[PDB]
Amino acid sequence: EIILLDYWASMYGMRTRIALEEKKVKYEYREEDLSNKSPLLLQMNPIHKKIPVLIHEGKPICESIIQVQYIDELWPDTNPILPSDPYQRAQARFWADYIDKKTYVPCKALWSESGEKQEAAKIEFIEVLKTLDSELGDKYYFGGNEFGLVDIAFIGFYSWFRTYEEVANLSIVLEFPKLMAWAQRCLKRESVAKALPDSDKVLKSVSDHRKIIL
Amino acid sequence: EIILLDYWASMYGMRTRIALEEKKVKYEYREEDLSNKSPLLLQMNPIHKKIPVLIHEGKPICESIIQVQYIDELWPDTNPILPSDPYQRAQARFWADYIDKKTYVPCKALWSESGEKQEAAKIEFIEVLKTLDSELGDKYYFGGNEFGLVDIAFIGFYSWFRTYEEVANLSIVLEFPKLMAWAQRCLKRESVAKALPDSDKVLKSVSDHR
Ligand SMILES: N[C@@H](CCC(=O)N[C@@H](CS)C(=O)NCC(=O)O)C(=O)O
Ligand SMILES: N[C@@H](CCC(=O)N[C@@H](CS)C(=O)NCC(=O)O)C(=O)O
Ligand SMILES: [Mg+2]
């Protein structure tokens with residue numbers, strides 16, 4: 001038995017969705033209302049009270065990148081996610097960590113803030129895009145020739161690019177064509193296609209929030 | 001060849017020192033002046049420009065918990081650090097992540113700030129202590145019956161406890177005896193004994209800065 005507590009537009013939740021589908025395991029997806037969190041969510045992640053929460057045979061695993069590695073280590077022979085080489089594996093972990101650290105606050109402020117905080121966030125996220133663009137280089141994936149951990153770690157953000165462009169006056173699509181091509185590559189995988197919500201859906205939800213709350 | 005670029009009182013660098021010694025590998029330690037970073041440091045960690053940086057056969061590995069896992073995966077049979085069970089491994093990673101996330105800002109502010117910011121930091125770090133104390137519970141180690149990843153992730157902070165008590169007016173030693181006993185346990189390992197600097201030395205270094 002596998003349960004995933006998640007939020008549809010969560011790029012972190014999307015990672016675990018993708019990892020589960022890469023392994024072709026069946027699981028129960030449960031949508032959480034983050035303004036009205038379930039007893040199960042609070043019981044299973046008392047420390048952070050965040051989604052995604054992966055519940056396997058009744059036991060909780062928290063933090064999306066830790067969940068992906070957990071899923072990979074349980075089913076290593078089906079669509080291996082992490083490299084087998086320790087050095088390459090260390091590098092994949094580094095770049096997933098980089099994404100987590102650099103996007104957590106700015107990407108929240110991109111859609112939830114205006115004024116000075118949003119401005120700061122724009123600068124930081126553009127810096128992330130430039131850095132990831134440089135790291136990707138001319139490879140098909142962050143993982144080189146094949147879809148890997150860092151691809152999983154960032155692809156969910158693609159579903160937000162249009163939102164960031166519209167609500168934060170960013171230019172992403174025309175400025176980072178290698179990243180757009182990479183995203184198009186990843187989207188051909190059924191795991192990714194299933195996990196990522198429609199970009200217009202995200203945009204509509206975020207603009208609604210900004211109208212009503214701001 | 002293994003080079004470690006580090007700063008002696010860095011609790012993060014201490015993790016990698018410990019992991020290397022757990023595996024009994026020889027390596028070159030290089031002390032970095034963090035106010036005057038070496039060209040090697042800037043070349044090898046251009047993204048964060050932080051220590052510890054582990055350089056193996058000329059190739060850099062950054063972030064201490066990632067370095068520890070790298071070292072564990074290179075030499076898995078000598079004093080294994082991470083659990084072999086995937087779920088237990090996930091939990092070890094979770095608690096090392098918890099420590100990284102909750103200590104990064106407060107522990108810097110404990111000695112570098114005053115007023116409202118230091119007060120906030122004290123509140124946050126005591127919460128970390130209480131949470132880890134609860135997680136440790138009655139086990140000998142965070143890793144259970146044996147020294148493991150989370151023990152490595154936190155043990156370096158012990159060498160700063162006296163500093164926090166003195167410069168932030170915190171009470172740690174008298175308030176968290178299970179954590180004190182745990183640290184005594186860890187200190188019996190040669191890796192930990194080598195890595196952790198004297199508590200008064202750390203305090204002196206911070207007092208100069210303040
Ligand atoms: N580091 C976490 C971040 C997860 C996260 O931020 N989840 C958000 C949804 S996108 C959340 O649950 N927020 C709930 C809250 O903070 O109240 C991970 O990688 O899983
Ligand atoms: N997340 C990093 C943190 C390492 C870190 O913060 N290192 C400090 C020394 S304790 C540093 O290099 N500071 C550089 C500076 O102050 O510019 C890790 O775990 O290795
Ligand atoms: Mg062990």
# chains A, B, ... in the order shown; residues from 1 in each chain; ligands from 1

$ closest_atom_pairs --of "chain A" --to "chain B" --cutoff "12 Å" --atoms "only C-alpha atoms" --output "CSV"
residue,atom,partner,partner_atom,distance
A:45,CA,B:94,CA,11.1
A:46,CA,B:131,CA,11.1
A:47,CA,B:98,CA,8.8
A:48,CA,B:98,CA,9.1
A:54,CA,B:90,CA,11.2
A:55,CA,B:87,CA,10.9
A:56,CA,B:87,CA,9.2
A:57,CA,B:87,CA,10.9
A:58,CA,B:87,CA,11.8
A:59,CA,B:87,CA,8.6
A:60,CA,B:91,CA,9.1
A:61,CA,B:90,CA,6.8
A:62,CA,B:94,CA,6.9
A:63,CA,B:94,CA,7.1
A:64,CA,B:94,CA,10.2
A:65,CA,B:94,CA,9.9
A:66,CA,B:90,CA,6.1
A:67,CA,B:90,CA,7.4
A:68,CA,B:90,CA,9.8
A:69,CA,B:90,CA,7.9
A:70,CA,B:86,CA,6.1
A:71,CA,B:86,CA,8.7
A:72,CA,B:86,CA,9.4
A:73,CA,B:86,CA,6.3
A:74,CA,B:86,CA,6.7
A:75,CA,B:86,CA,10.3
A:76,CA,B:86,CA,11.2
A:84,CA,B:73,CA,10.3
A:85,CA,B:73,CA,9.2
A:86,CA,B:70,CA,6.0
A:87,CA,B:70,CA,6.9
A:88,CA,B:70,CA,9.7
A:89,CA,B:70,CA,8.0
A:90,CA,B:66,CA,6.1
A:91,CA,B:61,CA,7.1
A:92,CA,B:66,CA,9.9
A:93,CA,B:66,CA,7.0
A:94,CA,B:62,CA,6.9
A:95,CA,B:62,CA,10.0
A:96,CA,B:66,CA,11.0
A:97,CA,B:63,CA,8.9
A:98,CA,B:47,CA,8.7
A:99,CA,B:47,CA,11.6
A:100,CA,B:101,CA,10.9
A:101,CA,B:101,CA,9.4
A:102,CA,B:48,CA,10.8
A:104,CA,B:101,CA,11.7
A:127,CA,B:47,CA,11.0
A:128,CA,B:47,CA,10.6
A:130,CA,B:47,CA,12.0
A:131,CA,B:47,CA,8.7
A:132,CA,B:47,CA,11.0
A:134,CA,B:47,CA,11.8
A:135,CA,B:47,CA,11.0

$ closest_atom_pairs --of "chain B" --to "ligand 3" --cutoff "7 Å" --atoms "only C-alpha atoms and all ligand atoms" --output "Markdown table"
| residue | atom | partner | partner_atom_place_in_ligand_line | distance |
| --- | --- | --- | --- | --- |
| B:80 | CA | ligand 3 | 1 (Mg) | 6.0 |
| B:81 | CA | ligand 3 | 1 (Mg) | 5.3 |
| B:82 | CA | ligand 3 | 1 (Mg) | 5.4 |
| B:83 | CA | ligand 3 | 1 (Mg) | 4.7 |
| B:143 | CA | ligand 3 | 1 (Mg) | 6.0 |
| B:146 | CA | ligand 3 | 1 (Mg) | 5.4 |
| B:147 | CA | ligand 3 | 1 (Mg) | 6.1 |
| B:148 | CA | ligand 3 | 1 (Mg) | 4.9 |

$ write_last_selection --atoms "N, CA and C atoms" --output "PDB file, in the first residue's frame"
ATOM      1  N   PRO B  80      30.241   1.175   7.952  1.00  0.00           N
ATOM      2  CA  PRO B  80      29.108   1.727   7.204  1.00  0.00           C
ATOM      3  C   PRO B  80      28.387   2.805   7.997  1.00  0.00           C
ATOM      4  N   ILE B  81      28.139   3.936   7.345  1.00  0.00           N
ATOM      5  CA  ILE B  81      27.544   5.083   8.023  1.00  0.00           C
ATOM      6  C   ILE B  81      26.014   5.095   7.893  1.00  0.00           C
ATOM      7  N   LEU B  82      25.512   4.986   6.663  1.00  0.00           N
ATOM      8  CA  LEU B  82      24.065   4.958   6.439  1.00  0.00           C
ATOM      9  C   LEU B  82      23.508   3.552   6.669  1.00  0.00           C
ATOM     10  N   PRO B  83      22.241   3.449   7.125  1.00  0.00           N
ATOM     11  CA  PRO B  83      21.600   2.132   7.241  1.00  0.00           C
ATOM     12  C   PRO B  83      21.526   1.425   5.885  1.00  0.00           C
ATOM     13  N   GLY B 143      21.410   6.978  15.266  1.00  0.00           N
ATOM     14  CA  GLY B 143      21.419   5.825  14.387  1.00  0.00           C
ATOM     15  C   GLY B 143      20.955   4.537  15.051  1.00  0.00           C
ATOM     16  N   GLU B 146      23.965   1.857  16.820  1.00  0.00           N
ATOM     17  CA  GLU B 146      25.277   2.218  16.284  1.00  0.00           C
ATOM     18  C   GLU B 146      25.315   3.654  15.747  1.00  0.00           C
ATOM     19  N   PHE B 147      26.490   4.254  15.888  1.00  0.00           N
ATOM     20  CA  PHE B 147      26.851   5.564  15.343  1.00  0.00           C
ATOM     21  C   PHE B 147      26.513   5.628  13.849  1.00  0.00           C
ATOM     22  N   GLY B 148      25.778   6.655  13.425  1.00  0.00           N
ATOM     23  CA  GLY B 148      25.354   6.724  12.034  1.00  0.00           C
ATOM     24  C   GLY B 148      25.354   8.128  11.459  1.00  0.00           C
TER      25      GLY B 148
END

$ residues_near_ligand --ligand "ligand 2" --cutoff "8 Å" --atoms "only C-alpha atoms and all ligand atoms" --output "list in words"
residues 6, 7, 9, 10, 11, 12, 13, 34, 35, 49, 50, 51, 52, 53, 62, 63, 64, 65, 100 and 104 of chain B

$ atom_distance --atom1 "atom CA of residue A:133" --atom2 "atom CA of residue A:118"
22.2 Å

$ residues_around --residues "stretch 182-197 of chain A" --least-positions-apart "6" --cutoff "6 Å" --atoms "only C-alpha atoms" --output "list in words"
residues 14, 17, 18, 21 and 22 of chain A

$ write_last_selection --atoms "N, CA, C and O atoms" --output "short mmCIF file (atom, residue, chain, number, x, y, z; two decimals), in the first residue's frame"
data_model
loop_
_atom_site.label_atom_id
_atom_site.label_comp_id
_atom_site.auth_asym_id
_atom_site.auth_seq_id
_atom_site.Cartn_x
_atom_site.Cartn_y
_atom_site.Cartn_z
N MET A 14 5.10 16.98 -7.43
CA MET A 14 5.24 16.46 -8.78
C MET A 14 6.44 15.52 -8.91
O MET A 14 6.39 14.56 -9.67
N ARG A 17 5.30 12.12 -7.57
CA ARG A 17 4.39 11.59 -8.59
C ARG A 17 5.17 10.97 -9.75
O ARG A 17 4.87 9.87 -10.22
N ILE A 18 6.17 11.71 -10.21
CA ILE A 18 6.97 11.26 -11.34
C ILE A 18 7.76 9.99 -10.99
O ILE A 18 7.80 9.03 -11.77
N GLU A 21 5.51 6.89 -10.86
CA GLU A 21 5.14 6.47 -12.21
C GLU A 21 6.32 5.90 -12.99
O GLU A 21 6.15 4.99 -13.79
N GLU A 22 7.52 6.44 -12.78
CA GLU A 22 8.71 5.85 -13.40
C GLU A 22 8.88 4.38 -13.01
O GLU A 22 9.34 3.57 -13.80
#

$ select_by_dssp --residues "stretch 43-142 of chain B" --states "alpha helix (DSSP H)" --output "VMD selection string"
chain B and resid 43 to 44 64 to 74 86 to 112 115 to 136

$ residues_around --residues "residue B:137" --least-positions-apart "6" --cutoff "10 Å" --atoms "only C-alpha atoms" --output "short mmCIF file (atom, residue, chain, number, x, y, z; two decimals) with N, CA and C atoms, in the first residue's frame"
data_model
loop_
_atom_site.label_atom_id
_atom_site.label_comp_id
_atom_site.auth_asym_id
_atom_site.auth_seq_id
_atom_site.Cartn_x
_atom_site.Cartn_y
_atom_site.Cartn_z
N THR B 131 13.75 19.05 19.92
CA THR B 131 13.30 18.13 18.88
C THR B 131 14.29 16.96 18.69
N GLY B 144 20.36 4.62 16.24
CA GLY B 144 20.01 3.47 17.05
C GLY B 144 21.13 2.90 17.91
N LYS B 178 20.65 14.02 28.17
CA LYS B 178 20.69 12.89 27.24
C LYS B 178 21.55 13.22 26.03
N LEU B 179 21.54 14.49 25.63
CA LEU B 179 22.38 14.92 24.51
C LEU B 179 23.83 14.97 24.96
#

$ atom_distance --atom1 "atom CA of residue A:51" --atom2 "atom 4 (C, counted along the ligand's line) of ligand 1"
5.5 Å

$ residues_around --residues "residue B:130" --least-positions-apart "3" --cutoff "12 Å" --atoms "only C-alpha atoms" --output "PyMOL selection string"
chain B and resi 123-127+133-137+172+175-179

$ write_last_selection --atoms "N, CA, C and O atoms" --output "compact mmCIF listing (two decimals), in the first residue's frame"
# COMPACT_ATOMS: atom_id res chain seq x y z
N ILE B 123 15.65 31.06 20.47
CA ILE B 123 14.38 30.35 20.45
C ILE B 123 14.43 29.20 19.45
O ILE B 123 14.04 28.07 19.76
N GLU B 124 14.93 29.47 18.26
CA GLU B 124 14.98 28.45 17.23
C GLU B 124 15.96 27.34 17.59
O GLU B 124 15.64 26.17 17.41
N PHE B 125 17.14 27.68 18.11
CA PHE B 125 18.09 26.61 18.38
C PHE B 125 17.65 25.76 19.57
O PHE B 125 17.87 24.55 19.59
N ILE B 126 16.99 26.33 20.56
CA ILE B 126 16.51 25.51 21.67
C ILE B 126 15.45 24.53 21.14
O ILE B 126 15.39 23.38 21.57
N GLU B 127 14.64 24.97 20.19
CA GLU B 127 13.64 24.10 19.57
C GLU B 127 14.30 22.92 18.87
O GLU B 127 13.82 21.79 18.95
N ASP B 133 16.48 15.92 20.91
CA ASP B 133 16.47 15.17 22.16
C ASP B 133 15.31 14.18 22.15
O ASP B 133 15.47 13.01 22.52
N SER B 134 14.14 14.63 21.70
CA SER B 134 12.98 13.76 21.58
C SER B 134 13.21 12.64 20.57
O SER B 134 12.84 11.48 20.80
N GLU B 135 13.84 12.98 19.45
CA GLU B 135 14.10 11.99 18.41
C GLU B 135 15.12 10.96 18.90
O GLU B 135 14.94 9.76 18.68
N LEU B 136 16.18 11.42 19.56
CA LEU B 136 17.13 10.48 20.15
C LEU B 136 16.44 9.56 21.17
O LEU B 136 16.62 8.34 21.16
N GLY B 137 15.62 10.15 22.03
CA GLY B 137 14.91 9.37 23.03
C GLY B 137 15.87 8.63 23.95
O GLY B 137 16.79 9.22 24.53
N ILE B 172 22.41 24.80 27.93
CA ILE B 172 22.34 23.57 27.15
C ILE B 172 22.77 22.36 27.96
O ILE B 172 22.05 21.37 28.05
N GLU B 175 20.40 21.44 30.73
CA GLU B 175 19.03 21.23 30.27
C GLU B 175 18.87 19.99 29.40
O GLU B 175 17.78 19.45 29.29
N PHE B 176 19.95 19.54 28.78
CA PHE B 176 19.85 18.40 27.87
C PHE B 176 20.84 17.29 28.19
O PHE B 176 21.72 17.01 27.39
N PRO B 177 20.70 16.64 29.37
CA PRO B 177 21.67 15.61 29.77
C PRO B 177 21.74 14.39 28.84
O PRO B 177 22.82 13.82 28.74
N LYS B 178 20.65 14.02 28.17
CA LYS B 178 20.69 12.89 27.24
C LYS B 178 21.55 13.22 26.03
O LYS B 178 22.20 12.35 25.46
N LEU B 179 21.54 14.49 25.63
CA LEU B 179 22.38 14.92 24.51
C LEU B 179 23.83 14.97 24.96
O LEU B 179 24.74 14.68 24.19

$ select_by_dssp --residues "stretch 5-145 of chain B" --states "strand (DSSP E)" --output "list in words"
residues 5, 6, 28, 29, 30, 31, 53, 54, 55, 56, 59, 60, 61 and 62 of chain B

$ residues_around --residues "residue B:204" --least-positions-apart "2" --cutoff "12 Å" --atoms "only C-alpha atoms" --output "VMD selection string"
chain B and resid 9 111 160 162 to 164 166 to 167 197 to 202 206 to 210

$ closest_residue --among "A:153, A:121, A:179, A:213" --to "ligand 1" --atoms "only C-alpha atoms and all ligand atoms"
A:153

$ closest_residue --among "A:156, A:115, A:80, A:106" --to "residue A:143" --atoms "only C-alpha atoms"
A:80

$ residues_around --residues "residue A:7" --least-positions-apart "6" --cutoff "7 Å" --atoms "only C-alpha atoms" --output "MDAnalysis selection string"
chainID A and resid 13 31:32 51

$ write_last_selection --atoms "N, CA, C and O atoms" --output "short mmCIF file (atom, residue, chain, number, x, y, z; two decimals), in the first residue's frame"
data_model
loop_
_atom_site.label_atom_id
_atom_site.label_comp_id
_atom_site.auth_asym_id
_atom_site.auth_seq_id
_atom_site.Cartn_x
_atom_site.Cartn_y
_atom_site.Cartn_z
N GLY A 13 5.68 17.95 -4.88
CA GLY A 13 4.82 16.80 -5.02
C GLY A 13 4.96 16.16 -6.39
O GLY A 13 4.94 14.94 -6.50
N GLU A 31 -5.49 14.51 -2.51
CA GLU A 31 -5.35 15.97 -2.56
C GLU A 31 -5.55 16.61 -1.18
O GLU A 31 -6.57 16.40 -0.54
N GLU A 32 -4.55 17.37 -0.74
CA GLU A 32 -4.64 18.11 0.52
C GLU A 32 -5.05 19.57 0.29
O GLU A 32 -4.56 20.21 -0.64
N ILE A 51 3.31 18.97 2.43
CA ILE A 51 3.20 17.93 1.43
C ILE A 51 4.41 18.13 0.53
O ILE A 51 5.01 19.21 0.55
#

$ decode --residues "stretch 3-15 of chain B" --atoms "N, CA, C and O atoms" --output "compact mmCIF listing (two decimals), in the first residue's frame"
# COMPACT_ATOMS: atom_id res chain seq x y z
N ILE B 3 41.85 15.77 -1.22
CA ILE B 3 42.08 17.03 -0.54
C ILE B 3 40.76 17.48 0.11
O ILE B 3 39.69 17.37 -0.49
N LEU B 4 40.84 17.96 1.35
CA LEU B 4 39.69 18.57 2.02
C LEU B 4 39.97 20.03 2.35
O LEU B 4 40.84 20.32 3.18
N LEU B 5 39.23 20.94 1.72
CA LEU B 5 39.32 22.36 2.04
C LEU B 5 38.32 22.64 3.14
O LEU B 5 37.13 22.36 2.98
N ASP B 6 38.78 23.17 4.26
CA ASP B 6 37.94 23.24 5.45
C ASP B 6 38.33 24.42 6.33
O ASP B 6 39.32 25.12 6.07
N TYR B 7 37.51 24.65 7.34
CA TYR B 7 37.79 25.62 8.39
C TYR B 7 37.66 24.88 9.72
O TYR B 7 36.66 24.24 9.96
N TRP B 8 38.68 24.98 10.57
CA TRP B 8 38.79 24.11 11.75
C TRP B 8 37.55 24.06 12.64
O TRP B 8 37.18 22.99 13.11
N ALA B 9 36.90 25.20 12.87
CA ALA B 9 35.74 25.21 13.78
C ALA B 9 34.41 24.99 13.06
O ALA B 9 33.33 25.13 13.67
N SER B 10 34.46 24.61 11.78
CA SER B 10 33.21 24.37 11.06
C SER B 10 32.58 23.04 11.41
O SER B 10 33.15 21.99 11.10
N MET B 11 31.38 23.07 11.99
CA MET B 11 30.70 21.83 12.33
C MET B 11 30.33 21.02 11.07
O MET B 11 30.07 19.83 11.15
N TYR B 12 30.28 21.69 9.92
CA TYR B 12 30.00 21.00 8.66
C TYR B 12 31.24 20.28 8.16
O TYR B 12 31.17 19.10 7.80
N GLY B 13 32.37 20.98 8.17
CA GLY B 13 33.65 20.37 7.85
C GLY B 13 33.92 19.19 8.77
O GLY B 13 34.44 18.15 8.34
N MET B 14 33.55 19.31 10.03
CA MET B 14 33.77 18.21 10.97
C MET B 14 33.11 16.90 10.52
O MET B 14 33.65 15.83 10.77
N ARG B 15 31.96 17.00 9.87
CA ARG B 15 31.25 15.82 9.38
C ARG B 15 32.12 15.06 8.39
O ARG B 15 32.24 13.84 8.44
